[PDB]
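Asker: Quick one, structure for this:
(one chain, ligands or ions: 5)
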Amino acid sequence: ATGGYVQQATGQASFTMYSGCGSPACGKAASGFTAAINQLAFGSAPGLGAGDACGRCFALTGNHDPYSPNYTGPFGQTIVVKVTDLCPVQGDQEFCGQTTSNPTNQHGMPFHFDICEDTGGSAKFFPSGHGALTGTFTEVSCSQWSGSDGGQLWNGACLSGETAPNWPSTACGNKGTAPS
Ligand SMILES: OC[C@H]1O[C@@H](O[C@H]2[C@H](O)[C@@H](O)[C@H](O[C@H]3[C@H](O)[C@@H](O)[C@H](O[C@H]4[C@H](O)[C@@H](O)[C@H](O[C@H]5[C@H](O)[C@@H](O)[C@@H](O)O[C@@H]5CO)O[C@@H]4CO)O[C@@H]3CO)O[C@@H]2CO)[C@H](O)[C@@H](O)[C@@H]1O
Ligand SMILES: OC[C@H]1O[C@@H](O[C@H]2[C@H](O)[C@@H](O)[C@H](O[C@H]3[C@H](O)[C@@H](O)[C@H](O[C@H]4[C@H](O)[C@@H](O)[C@H](O[C@H]5[C@H](O)[C@@H](O)[C@H](O)O[C@@H]5CO)O[C@@H]4CO)O[C@@H]3CO)O[C@@H]2CO)[C@H](O)[C@@H](O)[C@@H]1O
Ligand SMILES: CC(CCO)CCO
Ligand SMILES: CC(CCO)CCO
Ligand SMILES: CC(CCO)CCO
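Answerer: Numbering: from 1, shown residues only. Ligands and ions are numbered 1, 2, ... in the order given. Pasting the structure now:
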């Protein structure tokens with residue numbers, strides 16, 4: 001996409017959980033299940049506000065535990081998240097360090113979703129004792145996502161991806177150039 005960001009509607013991803021998604025990089029939180037996506041897909045950098053991932057909805061499915069490769073299941077449910085946040089290339093390497101020259105993380109995954117625990121998404125997705133997984137994602141209509149957006153936290157906040165056709169398309173837009 002514009003800026004060199006790698007923004008595909010479907011693919012393979014790794015998955016983790018995180019706390020504290022109420023002040024996220026898109027500038028609006030949401031009450032439904034939400035995630036941060038790795039910088040190369042988010043479409044912005046820390047401090048620059050929203051990228052084109054903001055507001056888009058994705059169905060996430062875990063199908064492997066990379067730390068326990070002998071584990072065959074059960075995995076969690078498929079969930080639909082709204083992307084509200086950035087998992088930055090600086091400070092979140094093993095999982096979110098994908099760049100244009102090295103587009104996969106340490107698990108060989110070209111995307112990463114950090115699923116917010118606060119609002120319940122991670123409890124639906126991660127079995128007890130298995131808090132990091134790999135699997136798939138597919139962008140879906142936000143008709144498939146339950147929840148309500150939060151209020152704008154600063155000027156330029158954006159979740160307009162929530163009404164956009166799937167990538168390739170432009171809603172909030174990308175900021176600057178993707179990490180190299
Ligand atoms: O930066 C992104 C994001 O990270 C968030 O934290 C992540 C963290 O990055 C990630 O490394 C961490 O991964 C945990 C994982 O959640 C947990 O399930 C896993 O537990 C393993 C355990 O390590 C193994 O010892 C155990 O092996 C057993 C075998 O299963 C069994 O068959 C037998 O062989 O005995 C073995 C020993 O008991 O399996 C467990 C399950 O696989 O350990 C990983 C490494 O610590 O996950 C967290 C949370 O997602 C962070 O919160 C966020 O803020 C940040 O943005
Ligand atoms: O008034 C001056 C100027 O302001 C502009 O608006 C600014 C606004 O002032 C800033 O507060 C705002 O800052 C946001 C950053 O742009 C955004 O990158 C950052 O995103 C964080 C997110 O908060 C955080 O949850 C996320 O955490 C990941 C962590 O890295 C992990 O440790 C954690 O566990 O898990 C998550 C998921 O992986 O990281 C990101 C990235 O650091 O959030 C800030 C607060 O919302 O930026 C605005 C835009 O520049 C305004 O637009 C101008 O008009 C005005 O003049
Ligand atoms: C070929 C595309 C899906 C159909 O529009 C790739 C999605 O990013
Ligand atoms: C859980 C929500 C309560 C207000 O709707 C906010 C989470 O961002
Ligand atoms: C995360 C657990 C409950 C599903 O919501 C795994 C059970 O499959």
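
Asker: ok, the residue most central in space within the chain - contacts?
Answerer: Most central in the chain under CA atoms, centre = their mean is residue 37, positioned 2.7 Å from the mean C-alpha point. If a contact means CB atoms under 8 Å, 6 or more residues apart in numbering, then residue 37 has 53, 83, 85-87, 111-114 as its contacts. To be clear about C-beta, it is placed using only N, CA and C from the backbone, and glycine gets the same treatment.

Asker: quick one: residue 46 and residue 88 touch, right?
Answerer: Yes: Residue 46 is within contact range of residue 88, at 5.2 Å (criterion: CB atoms under 8 Å).

Asker: neighbour-wise, which of the two wins?
Answerer: Legend: neighbour count by other CB atoms under 10 Å for residue 46 and residue 88, higher for residue 88 (20 against 12).

Asker: Pairing partners for the strand or helix carrying the residue nearest to the centre of the chain, with directions?
Answerer: When elements are assigned from DSSP states H and E, residue 37 belongs to strand 34-38. According to DSSP bridges, strand 34-38 forms sheet pairs with strand 79-87 (parallel), strand 111-116 (antiparallel).

Asker: Let's have the ones you listed in JSON lines, adding distance to residue 20 and mean neighbour count.
Answerer: Compiled in JSON lines, these are given as follows (distance: least, CB to CB, whole Å; neighbours: other CB atoms under 10 Å):
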{"stretch": "strand 79-87", "distance to residue 20": "10", "mean neighbour count": "27"}
{"stretch": "strand 111-116", "distance to residue 20": "8", "mean neighbour count": "27"}
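
Asker: Which of those sits closest to ligand 3?
Answerer: Taking CB to the nearest ligand atom, strand 111-116 is the member of the strands paired with strand 34-38 nearest to ligand 3, at 11.5 Å.

Asker: Spell out whether the closest one and ligand 2 are in contact.
Answerer: Yes: applying CB under 6 Å from any ligand atom, one finds strand 111-116 touching ligand 2 at residue 114.

Asker: Show me what counts as buried in whichever helix or strand comes after that strand.
Answerer: If you walk from strand 111-116 toward the C-terminus, the next helix or strand you reach (DSSP H and E) is helix 121-125. With burial defined by 16 or more other CB atoms under 10 Å, the residues of helix 121-125 counted as buried are 121-123, 125.
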